[PDB]
Structures are given as structure tokens and as C-alpha cells.
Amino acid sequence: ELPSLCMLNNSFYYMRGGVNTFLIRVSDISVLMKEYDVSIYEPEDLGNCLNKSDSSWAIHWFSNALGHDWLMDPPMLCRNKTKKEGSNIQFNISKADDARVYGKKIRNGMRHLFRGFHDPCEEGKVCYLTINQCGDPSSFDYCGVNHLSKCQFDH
């Protein structure tokens, strides 16, 4: 089937695809750099971002649901599988400089996927959308019962 989406509150959103669950956050912090981390130029490259390769399909769909153009848009960054921190996919959606237009599109994507989406990005500052697969050390305990319990899943 198609993944199901629910937002806990303005901070934490969640996707459920197959057996896997991915945390989605929007904030002004980046822990990835072009110089050190993996750039996703084409959908195949997503098979470098997740602990198991197959689950990357869930990311693929989500990308296209946001409006990401795999042809013209900036590559998203992700942490390599070999690294032991976890899995972290960044979309640079800053309301500034060269990502402004792109960012808008992604936020519009969110508005269609999460009814009641809250835009935390402040104008002129840096802003990011981050995806962490649940269970990896990078999602911490944000995929536990105290969070996913009081979120109800749909679609």
C-alpha cells in the first residue's frame, strides 16, 4: 500500500511505510555537510541512506509527495549507511538565498500531506526538513510509545 502519515504536534511528524516508521522534523539545525555526507542526485542513491535498502522506497514516494524534482532541484543530503550515528536525510528548505523558491515548494508539499502543518521556518534564516528512520540512534526515543501512542495514523 501507500504510507500513512500523522503529525504529533508542531515539532514531530511521522510516516509509516510497510514495516518501517520514519520521524520527520522541521527546524533550523543541520548536522550534515556537502563535503562529508552523501548527496542524492537520483532516487537510486537513496539506497545509501537507510539501514536496509528496500525501505528506501518509502523515502522515494515521500520525496515526490513533497514536490522534489529529481532533475532540477538541489540534491538532498543523507548520512552514509556505514556511519554508526543512524540515518539522517536533509532537505534544505531555508527561506533565504538560493533555496527560497525550492523551500516554498517543499513546505507546500507538507501542507498537502499533513493537515494542520506548522511552518517553523523564519524568514532570512536557515531551515531544514530532516528524516530519521525509527530505531536508528539518530531518531533517539522519539519513536517510542509516549509519542506514537497519542498519534493516530491515516492514509
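From 1 onward, residues are counted along the sequence shown.
Given 115-123 and 52-60, the range whose Cα B-factors average higher in the PDB entry: Result of the comparison: 52-60.
Residue range whose averaged C-alpha B-factor is higher in the record, 62-70 or 99-107: Averaged over C-alpha atoms, the B-factors run higher in 62-70.
Is the Cα B-factor recorded for residue 83 in the lowest, middle or highest third of its chain? Answer is middle: the recorded C-alpha B-factor places it there.
Just say lowest, middle or highest third for the CA B-factor of residue 42 relative to the other modelled residues in its chain. According to the entry, residue 42 has a C-alpha B-factor in the chain's middle third.
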